[PDB]
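The block underneath contains the structure these notes are about, expressed in structure tokens.
In the text below, chain A, chain B and the rest are named by the order of the sequence lines, each starting its count at 1. The figures that follow rest on heavy atoms only: side chains count, while hydrogens, waters and symmetry mates do not.
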Amino acid sequence: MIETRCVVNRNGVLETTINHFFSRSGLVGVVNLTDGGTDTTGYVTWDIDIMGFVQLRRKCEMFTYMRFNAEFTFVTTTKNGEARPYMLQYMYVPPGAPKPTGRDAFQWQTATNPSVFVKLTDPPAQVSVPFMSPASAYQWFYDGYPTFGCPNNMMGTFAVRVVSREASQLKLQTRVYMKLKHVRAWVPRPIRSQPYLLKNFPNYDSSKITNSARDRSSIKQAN
Amino acid sequence: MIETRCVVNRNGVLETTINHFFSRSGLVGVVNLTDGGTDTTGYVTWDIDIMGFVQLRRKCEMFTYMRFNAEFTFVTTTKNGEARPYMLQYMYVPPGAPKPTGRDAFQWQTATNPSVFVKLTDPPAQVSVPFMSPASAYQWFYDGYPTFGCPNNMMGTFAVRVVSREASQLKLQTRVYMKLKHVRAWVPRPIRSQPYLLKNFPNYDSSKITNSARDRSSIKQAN
Amino acid sequence: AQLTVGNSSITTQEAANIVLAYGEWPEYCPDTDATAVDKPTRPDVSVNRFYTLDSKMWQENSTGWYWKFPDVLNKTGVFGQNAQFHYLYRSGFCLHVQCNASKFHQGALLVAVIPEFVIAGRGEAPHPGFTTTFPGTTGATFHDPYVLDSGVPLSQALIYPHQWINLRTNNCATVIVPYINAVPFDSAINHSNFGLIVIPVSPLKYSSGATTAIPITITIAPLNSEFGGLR
Amino acid sequence: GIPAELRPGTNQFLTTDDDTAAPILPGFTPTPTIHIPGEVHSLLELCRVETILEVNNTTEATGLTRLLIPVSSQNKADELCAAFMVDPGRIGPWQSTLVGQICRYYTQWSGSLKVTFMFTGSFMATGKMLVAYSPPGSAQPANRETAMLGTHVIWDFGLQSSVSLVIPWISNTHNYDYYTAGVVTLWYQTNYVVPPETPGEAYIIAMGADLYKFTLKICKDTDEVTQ
Amino acid sequence: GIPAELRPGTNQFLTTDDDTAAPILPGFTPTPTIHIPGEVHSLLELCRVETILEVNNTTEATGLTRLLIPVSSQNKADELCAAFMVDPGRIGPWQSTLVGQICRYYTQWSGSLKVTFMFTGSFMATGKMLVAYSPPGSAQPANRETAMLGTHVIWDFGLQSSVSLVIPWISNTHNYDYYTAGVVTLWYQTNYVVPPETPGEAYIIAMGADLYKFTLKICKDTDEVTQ
Amino acid sequence: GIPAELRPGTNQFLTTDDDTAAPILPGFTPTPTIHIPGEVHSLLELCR
């Protein structure tokens, strides 16, 4: 970097608020759609999960409880990336609803699953999902037995396909971007100092435990 | 699913209203347009009918009388689905008007049939159709002899063609989406427990009758 | 001072110094839809009183202990009876932790309350059994205190309602914990709301001839309990 | 003109979006409205109408006989007659009601219910029954004594011909089965008593409904319709 | 219609842009909010909670023993015990605090800090320590005399069991290392004094926190998480 | 929605045009200003 001096003044206080700290839309997943006729499925489903990537996972595990609305954006391109006018369908499947079993399956025509049709040459589609939980908040720490299927606090699922009668040979990936909005948070936690072993559970390697601070020669010498 | 708990609070009352229960635009039909010169017709007509699919058919047969405005949306793609700039024409034919007899036939130029011209690379076209009946409501239960042609309560018909001098070899399907608006409903009915044999009539198989509840071992044991 | 609640009386000093968890007192629930139909039970006669566990023996080699609530009280007295059945449950607590030690003993204990405290697997996916989630009245001992067995630094445990017990200054600590949940009522049997933790940060030290083990006594007083329809 | 910037969401069709569509036939005035009786403003109006539970669902009953709860004079006092879950949204004998059918259009419900028993005997027949409700989380009662130790009604159908039992609260959140049920049972307090020359067999009819406290959320489509 | 002109920025997706997205599920009312205690409106609330510095970081300490500052009766008066930088955002023994972890999410910080020393001995042990702060731009003090010629505290842990030292101002602007540090040291004013039959060894615990004057800017992502 | 008509000048970038650009880093407050002596409001100050 550069610009080495002393800052005698207070900084702006607005950047440290919880609602600004969880803002800034970012990439929550990558899924891949090959429409190959019968040798390939021809659609994708993506369950809505915040913890899939550990960067934002670490920032939600700072708190016990959170409440928010989500805003999604789908950036979709084809292999090399050159785009052609193909219609697509992003269907949202509410919690407690059956997901598509196949490309032409009847679930795609269910009206209670809200959909959006947009051509692949158009600007990326945006969608706003409300607060979906039956409790007053989402909690990724629940001491007890939740069981019942996959991540905790099921928000829903998106499914994507191409809209055509005959399968168009086309290879797609849809990047999903999520921006949390109107975020409230309760009961803060300590930040995890250990590597994550697996999703949905806070497992850690017992044999190898990393220490929170790095090491120095002696305790009586700072530098 | 997931999230297993007890809900101690009243839910939102807004989702159970009649007007919200019949909202949510959905697929009312699929028709297919091949412009083949003289070996193929080269246009399509779709009569406006709600009962064509049994999902929404079952929800209109909950009531005796209904009143509403319709909003239609045409999602049209070509075979594999890649789109090219071809103009199309969706003509609406009011109740009591002659329908197109062919692709170039004079009915397409009648002005009292309102039309919309849109290229196949454009976003899908939307149209709002008012309440069309000579009575104060539509009724799909009429005890008596209606006769007179096809479904009851004729709303109209849509016809689609391609706008060109020479037939362009092109194979189209137009998905029609309908959203009911300002819905009023009267005199509620019981919900049908039997399979539908045919459209326009509430026939049921007399030999095989399905029972409204499934079966258990004994009456003295719940689980 | 002597605190007398029901048929139980404990000896303890009178000090206005306590720790309110997060700064709020236990409260009865704001009126809900379900309990407007059936008015919930708010017992205090023999139900809300001091319960005192079997005391724990802190020795030079120890790791430290935790408890899960409501669980620790699920088989006790007339609270565990009401804890059984009654598919709806709500309550706060008053927790007093004591240590009997001579002036010649040295050491310190970190004492904290963790909401939704989840012990994890030390492995694969070894889902921890009902022993770590529901240790019962006795409680459990930590394996790796440094990570709390949650994968989390014990250094940062101080954003939880907490009090130190330093055998130099104070031998006791008291934490008032309200009901903390994302829903007004919950099941006391299948869900533990929070947990209590006593970890020696500075180990116990004494010179030969002193008692080699120091007892830690727990006392639990429920506050503003509510119970639901009877299973 | 006025400078503008197109934005994500341009040129997309969202099916739930509320927006304006161009009128295709302007200057057309529809038929004026008149007053038709029986207008319905909510599905909750249709939940609150008590309809017949089919408690007899069995491979041995065919016609209207599945709507009838048998009560005879051969049975002995203290023993059970009928038992059924309270689950309007599950598969069982709530599937014949309207609550049962409407719940299939929603993912979550909650509120209170009402269950009515109606005795059709001869005028001169007499006896008592025990109408009891075991809340969720417990198996159905084993005998009459443990049914009597909980919410219940003693109904003498010589005096009173019909009895209602309000169920205080029920909920289904939602393939682990999240609804832990709770059961209504029927016991013989007495034996059904009959004078000379009158049948000695009667039937109970069961009905069920939602109280005004009942609500529904998260729309979906029914599992009954296949297509 | 209304004449308009599209403009640079049309049809682009900026990830930080605050704009409206179409509701995909209108007419849906979420679950009403209730009062959950311990709501957090700022990360600055989490900086001000004093948490344990790990001053003993060494290859020779493993467990909780890295959180302990050793003090024994073998050491002689006037000589140093422990020394550590004041740098919540650098690699060292601020990395176990919350200030340490939150600073990793921001490029610039500044404000004042607080460092608390807590003595756990026997009740009857006694002595003095010198808690001193050398500001940035100077090496740590060489002896006690030059530590005493600057900001410091004489802390007798026979009388007082815990002592706090406010650091007046610290800043990190920001791979030349722009932060010139400044150091806290611990000296033996006296020798640790012990009566008969009591251990003669104790431990100091160190804690650190931000005063209300502390602030942060220019968001980023932590170097700890790898993925 | 609201009916509109695109017009000549659509989708063009004029370099002197005064228009709004989207903030790429909102919620960021720059360093507060202080008083620095010798501020210049015109080139005519430098001609004289």
Side-chain angles (χ1 to χ4, degrees), chain A residues 4-7 10-13 15-18 21 23-26 53-55 58 63 65 67 71-73 75 92 94 114 116 123-124 126-137 177 179 184-188 190-191 193 211-216 218-223, chain E residues 11-13 15-16 21-25 28 30-34 36-44 46 54-59 66 80-85 91-96 98 101 106 108-111 140 171 173-176 181 183 213 215-217 219 221-222 225 227:
Chain A
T4 299
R5 283 187 296 272
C6 294
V7 177
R10 189 187 298 271
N11 296 291
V13 70
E15 300 182 1
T16 62
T17 61
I18 294 302
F21 181 75
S23 64
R24 292 181 304 279
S25 169
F53 295 97
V54 176
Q55 189 62 57
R58 183 169 180 268
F63 303 96
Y65 299 133
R67 185 185 181 92
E71 175 181 357
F72 293 89
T73 303
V75 172
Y92 173 75
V116 58
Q126 286 187 336
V127 162
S128 178
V129 175
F131 171 77
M132 296 303 294
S133 180
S136 292
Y177 285 82
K179 179 175 179 178
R184 298 177 68 186
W186 293 272
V187 180
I191 300 172
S193 64
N211 292 327
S212 59
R214 300 293 181 268
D215 283 343
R216 54 177 173 182
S218 63
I219 189 170
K220 299 181 187 298
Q221 180 63 57
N223 191 341
Chain E
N11 289 338
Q12 70 177 17
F13 172 65
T15 61
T16 60
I24 194 167
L25 188 62
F28 171 79
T31 301
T33 61
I34 61 171
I36 300 171
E39 187 174 4
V40 176
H41 301 287
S42 178
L43 294 174
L44 301 176
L46 303 178
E54 173 180 354
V55 181
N56 200 345
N57 57 339
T58 299
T59 61
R66 300 185 63 167
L80 185 70
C81 184
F84 62 90
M85 298 296 182
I91 285 173
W94 285 91
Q95 198 171 356
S96 61
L98 285 175
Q101 290 301 318
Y106 293 90
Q108 305 191 346
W109 53 89
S110 64
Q140 75 179 24
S171 177
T173 300
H174 187 64
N175 288 337
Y176 294 93
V183 185
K213 186 178 291 294
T215 54
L216 296 163
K217 65 180 296 179
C219 302
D221 289 343
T222 54
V225 168
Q227 183 175 355

Contact class of E:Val183 relative to chain A, heavy atoms under 4.5 angstrom: side chain

Chain E contact via A:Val187 - which portion, at a heavy-atom distance below 4.5 Å: both

Closest heavy-atom pair and its distance - E:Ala21, A:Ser128: O-CB, 3.6 Å

Flag, side chain of A:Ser136 to backbone of E:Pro32, donor-acceptor distance under 3.5 Å: yes

SG-CZ distance between E:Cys219 and A:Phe21, expressed to the nearest 0.5 angstrom: 8.0 Å

Expected output: side-chain A:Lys220 to main-chain E:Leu80 donor-acceptor under 3.5 Å: yes

A:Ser193 side chain to E:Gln95 side chain, donor-acceptor N/O pair below 3.5 angstrom: no

Validation row: A:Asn211, E:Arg66 side chains within 4.5 angstrom (heavy atoms): yes

Max heavy-atom pair count under 4.5 Å with chain A, selected residue of E:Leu98, E:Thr59, E:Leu43: E:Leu43

Check: E:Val40 and A:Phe63 side chains under 4.5 Å, non-hydrogen atoms: yes

Segment of E:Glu39 engaging chain A (4.5 angstrom heavy-atom cut-off): both

Pairwise side-chain contact, E:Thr215 with A:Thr16, heavy-atom cut-off 4.5 Å (strictly under): no

A:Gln55 side chain near E:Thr222 side chain, heavy-atom distance below 4.5 Å: yes

Side-chain donor-acceptor pair present, A:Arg58, E:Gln101, cut-off under 3.5 Å: yes

Proximal component of A:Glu71, with respect to chain E [non-hydrogen, under 4.5 Å]: side chain

Chi angles and distances behind the side-chain contact (heavy atoms from CB on, under 4.5 Å) call for A:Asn11, E:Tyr106: CA-CA 12 Å; A:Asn11 296 291; E:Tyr106 293 90; over 6 Å; no

Contacting moiety of E:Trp109, where chain A heavy atoms sit under 4.5 Å: backbone

Stepwise side-chain contact (heavy atoms from CB on, under 4.5 Å) check, E:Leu25 with A:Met132: CA-CA 10 Å; E:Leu25 188 62; A:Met132 296 303 294; 3.8 Å; yes

Side-chain heavy atoms of A:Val129 within contact of E:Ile24, under 4.5 Å: yes

Heavy-atom pair with the smallest gap, counting every atom of A:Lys179 and E:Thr16: NZ-O, 3.8 Å

Ring geometry between A:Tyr177 and E:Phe13 (parallel below 30°, tilted from 30 to 60°, perpendicular above 60°): perpendicular

Approximate separation, where rounding is to 0.5 Å, of E:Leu44 CG and A:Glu15 CD: 11.0 Å

Nearest non-hydrogen partners of E:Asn11 and A:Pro123, listed with the distance: OD1-CG, 3.7 Å

Within-4.5 Å side-chain heavy-atom neighbours: A:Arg184 and E:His41: no

Heavy-atom closest pair, residues E:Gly38 and A:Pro188: O-CD, 4.3 Å

Residue pair A:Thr4, E:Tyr176: steps toward the side-chain contact (heavy atoms from CB on, under 4.5 Å) verdict: CA-CA 9 Å; A:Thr4 299; E:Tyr176 294 93; over 6 Å; no

Portion of E:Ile91 that has a non-hydrogen atom of chain A nearer than 4.5 angstrom: side chain

Contact leader toward chain E among A:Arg24, A:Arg216, A:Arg214, where contacts are heavy-atom pairs under 4.5 Å: A:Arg216

Shortest non-hydrogen separation from E:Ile36 to A:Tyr65 and the atoms involved: CG2-CD1, 3.9 Å

Nearest atoms (heavy-atom pairs only) where A:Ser212 meets E:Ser96: OG-CB, 3.2 Å

